[PDB]
Ligand SMILES: *[C@](O)(C(=O)NC)[C@H](C[C@@H]1CCNC1=O)NC(=O)[C@@H]1[C@@H]2[C@H](CN1C(=O)[C@@H](NC(=O)NC(C)(C)C)C(C)(C)C)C2(C)C
Ligand SMILES: *[C@](O)(C(=O)NC)[C@H](C[C@@H]1CCNC1=O)NC(=O)[C@@H]1[C@@H]2[C@H](CN1C(=O)[C@@H](NC(=O)NC(C)(C)C)C(C)(C)C)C2(C)C
Ligand code: NA
Ligand code: NA
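Protein chains in written order, with the deposited numbering: chain AAA, 1 to 304; chain AAA', 1 to 304. A prime marks a further copy of an entry chain.
(1) Within the present structure, is the beta-carbon of residue 85 (chain AAA) separated from the nearest heavy atom of ligand 3 by less than 7 Å?
(2) Name the chain AAA residues whose beta carbon is nearer than 8 Å to that of residue 115 (chain AAA')?
(3) Could you check the C-alpha separation between residue 294 (chain AAA') and residue 230 (chain AAA') for me, to the nearest Å?
(4) Identify, in the order they occur along the chain, each residue of the same chain with its Cβ nearer than 6 Å to the Cβ of residue 288 (chain AAA'), setting aside the five sequence neighbours on each side.
(5) Which residues in the same chain have their Cβ closer than 7 Å to the Cβ of residue 7 (chain AAA), if we skip the five residues on either side of it in sequence?
(6) With 9 Å as the limit, tell me which residues of the region 172-190 of chain AAA have their beta carbon closer than that to any beta carbon of chain AAA'; keep them in chain order.
(7) Please give the ranges of any beta strand (DSSP E) in the region 189-259 of chain AAA, keeping only runs that are unbroken, at least 3 residues long and fully inside the region.
(8) Which whole-angstrom value describes the C-beta separation of residue 38 (chain AAA') and residue 86 (chain AAA'), a residue pair presumed to lie in contact below a C-beta threshold of 8 Å?
(9) Taking 8 Å as the CB-CB cut-off, is residue 162 (chain AAA) touching chain AAA'?
(10) Could you give the C-beta distance for residue 36 (chain AAA) and residue 68 (chain AAA), rounded to a whole number, given that I count them as a contact under 8 Å?
(11) Which residues, in chain order, sit with a beta-carbon under 5 Å away from any heavy atom of ligand 1?
(12) Pull up the distance between the alpha-carbon of residue 217 (chain AAA) and that of residue 277 (chain AAA), whole angstroms please.
(13) Would a C-beta distance cut-off of 8 Å place residue 305 (chain AAA') and residue 179 (chain AAA') closer than the cut-off?
(14) Is any heavy atom in ligand 4 found nearer than 7 Å to the beta carbon of residue 39 (chain AAA')?
(15) Could you check whether the Cβ of residue 175 (chain AAA') sits closer than 7 Å to any heavy atom belonging to ligand 2?
(16) Can you grab the Cα-Cα spacing for the pair residue 185 (chain AAA') / residue 143 (chain AAA'), in whole Å?
(17) Ends of the alpha helix (DSSP H) at residue 79 (chain AAA)?
(18) Would residue 154 (chain AAA') be called buried (16 or more neighbouring beta carbons within 10 Å of its own) or exposed?
(19) Which residues of chain AAA' have a Cβ atom closer than 7 Å to the Cβ of residue 304 (chain AAA), listed in chain order?
(20) Please report the straight-line C-alpha distance between residue 209 (chain AAA') and residue 266 (chain AAA'), rounded to a whole angstrom.
(21) Mapping DSSP to helix, strand and coil, what is residue 61 (chain AAA)?
(22) Checking contacts by CB at 8 Å: is residue 147 (chain AAA') closer than that to chain AAA?
(23) Counting only runs that start and end within the region 26-73 of chain AAA', where is the alpha helix (DSSP H) found for 4 or more residues in a row?
(24) Under 7 Å from any heavy atom of ligand 2, does the C-beta of residue 1 (chain AAA) make it?
(25) Could you run through the region 209-221 of chain AAA' and flag, in chain order, every residue whose CB is less than 8 Å away from some CB of chain AAA?
(26) For a cutoff of 8 Å on Cβ pairs, would you count residue 236 (chain AAA') as touching chain AAA?
(27) Under 8 Å, do residue 183 (chain AAA) and residue 257 (chain AAA) count as touching if we go by C-beta distance?
(28) Can you list, in chain order, the residues of the region 127-139 of chain AAA' whose Cβ is nearer than 8 Å to any Cβ on chain AAA?
(29) Among AAA:174, AAA:241, AAA:227 and AAA:273, which one has its Cα closest to the Cα of residue 262 (chain AAA)?
(30) Can you list the residues of chain AAA that residue 1 (chain AAA') reaches, using a CB-CB cut of under 7 Å?
(31) Please state the DSSP three-state secondary structure of residue 263 (chain AAA').
(32) To which residues of the same chain is residue 41 (chain AAA') closer than 6 Å at the C-beta, ignoring the five residues directly before and after it?
(33) So is residue 285 (chain AAA) in contact with chain AAA' if we call contact Cβ pairs under 8 Å?
(34) Contact defined as beta carbons within less than 8 Å: I believe residue 190 (chain AAA') pairs with residue 181 (chain AAA'). What is the distance between those atoms, to the nearest angstrom?
(35) Residue 299 (chain AAA) touches chain AAA' at which residues, Cβ-Cβ below 9 Å?
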């Protein structure tokens, strides 16, 4: 028993992290096969950042402008390309440590693990979720750009995030590895705001299943509810709506604990209106919405 | 900006994790050089656990009783030894992936990263601290035994914890890699209780420095305090006492933010007496004591 914010092992992704320098601007790229993926604003200067025309900045750039450093080796760049907001530096040499990998664009609510890098070197690993506003609450300093979010399906590293931007609040924005931004954000240093940040209800419900399973049970209560009437209440507290899919998803946990989702909804409903009255659940004083139904199943069945 | 519970990269330690089976009982061992370290209760059956005489259980055991499995290889065991509560299986082959390593016994308050394993396979990584009662609040299921806690000093993996036991509460106990238990715990399934779990004050003070640095500043206040008078108050809320060493330790953060420790103590003092009044600090509704002064410096300077 016990329940933690737990990242996948970083080891397989560690092998893929390289430094990418362009003039002054230096940051992290991801090396899979004979291609290094990095944010395209590696090309920009501090001033260029204010309003870049990348197309235009790319004209005065050749393969040899791009310093791909793998720890203390230099990969030869034999091609560069722009795919939405990432550069794809074709290098002579395939990453020998390339894992089985996919690029997936996550939906909001899905969680993934961040391997935070500086100078193309892992500093730390942590979990987080794609909020519904399409930000994440990372920890990221200058030089973190091109650090990646991943999940692992046993053998296979699924890459979902490349880190580009911080927004006032210390929330973060970035791209899939196809370089399409999550949410309405652009790689410019112009005004642009996150929308309302909603709570991921299905994730909060899974957390409570995770709570129950560990023997924190007190929030449980006599009442049941309907999807519709729980939403009437949720909406107000800025919770993502719940759906039959969310319910089907939670089934495993429902089956594990013998507590129908709709019962757990009633339990969660009261906590929304009455708060936690000083108590914790799994040593959290607030309702934790950064666990997928899978995160709990993973951690409470203990899959590897 | 942004601040997370962030584990070191697991990759270097991943290489060291092997399955160890003895009859029925199967769990994780750590493979460095020609030695595999595991909990000694690999030898016990379910019944033996109730009150084992290891010395005595070790008599009816030979090298060949111990199945050291490295993914899908079998390491030959050419020697076994008992060091307090760990076995040391001498094998023919040195782990080629052995990192630069040390074994350190941490003091309580120090944090380290857990790489949670089943069948000698990394399932997940998370940070935690050695509470002052000498428990940790892991997440650990049956098969997790012999999973290790580590820190990294740039090149060098420092191993501080091997996981043995869960206690009612879902708190956990275990050993240094010399197999001496942290705290008064024994590898028997007998009654034995954790002491009072105290809050790690120096760690809470660092968290607030971490808060300040990210622009959560509101808890800051007009008052200063003395070490003595803050303790008079702390004691009551079950906070670890503060010392001149704790103050010298926090200096870097004090210097970073221009806020004397004793000021931060006054700020923390009021929050102890008045609570947080619904507000969060770094999106935590309670005072987080699972960050070393180094954890913040690491994450907020961004060392690798
Ligand atoms: C990134 O380039 C890097 O790590 N290498 C230098 C960097 C990461 C960033 C630094 C602080 N925290 C982080 O996550 N990202 C940037 O420098 C991006 C680049 C240039 C500015 N910028 C920002 O993130 C800026 N944010 C905003 O401009 N904010 C709004 C869009 C809401 C205004 C700063 C102010 C520097 C954080 C672009 C976005 C291409
Ligand atoms: C470990 O052996 C393993 O993972 N491989 C089988 C296992 C880890 C444990 C299972 C549930 N959560 C965990 O962290 N540890 C044990 O089985 C240890 C072994 C045998 C019993 N035991 C316990 O942890 C038991 N706890 C207690 O006995 N509790 C007190 C000492 C306070 C009574 C259980 C009840 C099984 C959790 C010894 C301690 C050698
Ligand atoms: Na970009
Ligand atoms: Na033991």
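C-beta: ideal position from N, C-alpha, C; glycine also.
The short version:
(1) Stepping through the first chain from its first residue, residue 85 (chain AAA) is reached at position 85. Residue 85 (chain AAA): yes, Cβ under 7 Å from ligand 3.
(2) If you number the second chain from 1, residue 115 (chain AAA') lands on position 115. 9, listed in chain order.
(3) Along the second chain, one-based indexing puts residue 294 (chain AAA') at 294. Along the second chain, one-based indexing puts residue 230 (chain AAA') at 230. Cα-Cα distance, rounded: 23 Å.
(4) Numbered from 1 along the second chain, position 288 holds the residue referred to as residue 288 (chain AAA'). Result list for residue 288 (chain AAA'): 207, in chain order.
(5) Translated into the one-based positions of the first chain, residue 7 (chain AAA) becomes position 7. Only 113, 125, 126 and 127 meet the Cβ criterion.
(6) 172
(7) none
(8) On the second chain, position 38 is the one that residue 38 (chain AAA') refers to. On the second chain, position 86 is the one that residue 86 (chain AAA') refers to. The pair is a contact, with the Cβ atoms about 6 Å apart (cut-off 8 Å).
(9) One-based indexing of the first chain puts residue 162 (chain AAA) at position 162. It does not: the Cβ of residue 162 (chain AAA) has no partner Cβ on chain AAA' nearer than 8 Å.
(10) Reading the first chain from its first residue, position 36 is the one you call residue 36 (chain AAA). Reading the first chain from its first residue, position 68 is the one you call residue 68 (chain AAA). Contact holds; Cβ gap of about 5 Å.
(11) AAA:27, AAA:41, AAA:49, AAA:140, AAA:142, AAA:143, AAA:144, AAA:145, AAA:165, AAA:166, AAA:167, AAA:187, AAA:189 and AAA:192
(12) Locating residue 217 (chain AAA) in the first chain gives position 217, where the first residue counts as 1. Locating residue 277 (chain AAA) in the first chain gives position 277, where the first residue counts as 1. Cα to Cα, the separation comes out at about 15 Å.
(13) Absent from the structure is residue 305 (chain AAA'), since the part of chain AAA' shown begins at 1 and ends at 304.
(14) Start at 1 with the first residue of the second chain, and residue 39 (chain AAA') comes out as number 39. Checking every heavy atom of ligand 4 against the Cβ of residue 39 (chain AAA'), one is found closer than 7 Å.
(15) Looking up residue 175 (chain AAA') in the second chain gives position 175. False, no ligand heavy atom lies under 7 Å from that Cβ.
(16) Numbered from 1 along the second chain, position 185 holds the residue referred to as residue 185 (chain AAA'). Numbered from 1 along the second chain, position 143 holds the residue referred to as residue 143 (chain AAA'). Each residue's Cα considered, the two are about 20 Å apart.
(17) The residue given as residue 79 (chain AAA) occupies position 79 in the first chain. Looking at the DSSP string, residue 79 (chain AAA) is not in any alpha helix (DSSP H); the run it does join, the beta strand (DSSP E), is 77-79.
(18) As a first step, residue 154 (chain AAA') must be located in the second chain, where it is residue number 154. Exposed is the call here.
(19) Sequence index remark: in the first chain, residue 304 (chain AAA) carries index 304 (1-based). Those are 118, 119, 121, 122 and 123, listed as they occur along chain AAA'.
(20) In the second chain, counting from the first residue as 1, residue 209 (chain AAA') sits at position 209. In the second chain, counting from the first residue as 1, residue 266 (chain AAA') sits at position 266. Their backbone Cα atoms lie some 13 Å apart in a straight line.
(21) The sequence position of residue 61 (chain AAA) within the first chain is 61, counting from 1. Coil at residue 61 (chain AAA), not helix or strand.
(22) Position 147 of the second chain, counted from the start, is the residue given in the question as residue 147 (chain AAA'). Judged by the 8 Å Cβ criterion, residue 147 (chain AAA') is not in contact with chain AAA.
(23) 54-59
(24) Translated into the one-based positions of the first chain, residue 1 (chain AAA) becomes position 1. Yes, since a heavy atom of ligand 2 falls inside the 7 Å radius drawn around the Cβ of residue 1 (chain AAA).
(25) 214 and 215
(26) In the second chain, counting from the first residue as 1, residue 236 (chain AAA') sits at position 236. False, the Cβ-Cβ gap to chain AAA never drops below 8 Å.
(27) Here residue 183 (chain AAA) refers to the residue found at position 183 of the first chain. Here residue 257 (chain AAA) refers to the residue found at position 257 of the first chain. No, the Cβ-Cβ distance between residue 183 (chain AAA) and residue 257 (chain AAA) is not below 8 Å.
(28) 128, 137, 138 and 139
(29) As a working note, residue 262 (chain AAA) is residue 262 in the first chain. That would be AAA:227, whose Cα lies nearest to the Cα of residue 262 (chain AAA).
(30) Against the second chain, residue 1 (chain AAA') aligns to sequence position 1. 166 and 170, listed in chain order.
(31) Locating residue 263 (chain AAA') in the second chain gives position 263, where the first residue counts as 1. Residue 263 (chain AAA'): helix per DSSP, three-state reduction.
(32) For the purposes of this step, residue 41 (chain AAA') is taken as the residue at position 41 of the second chain. If we look at residue 41 (chain AAA') and ignore the five residues flanking it on each side, its Cβ neighbours are 187.
(33) For the purposes of this step, residue 285 (chain AAA) is identified with residue 285 of the first chain, where counting begins at 1. Yes, because at least one Cβ of chain AAA' sits closer than 8 Å to the Cβ of residue 285 (chain AAA).
(34) As a first step, residue 190 (chain AAA') is located in the second chain; it is residue number 190 there, counting from the start. As a first step, residue 181 (chain AAA') is located in the second chain; it is residue number 181 there, counting from the start. That pair is no contact at about 14 Å.
(35) On the first chain, residue 299 (chain AAA) is found 299 positions in, with the first residue counted as 1. By Cβ distance, chain AAA' contributes 116, 123, 124, 139 and 141.
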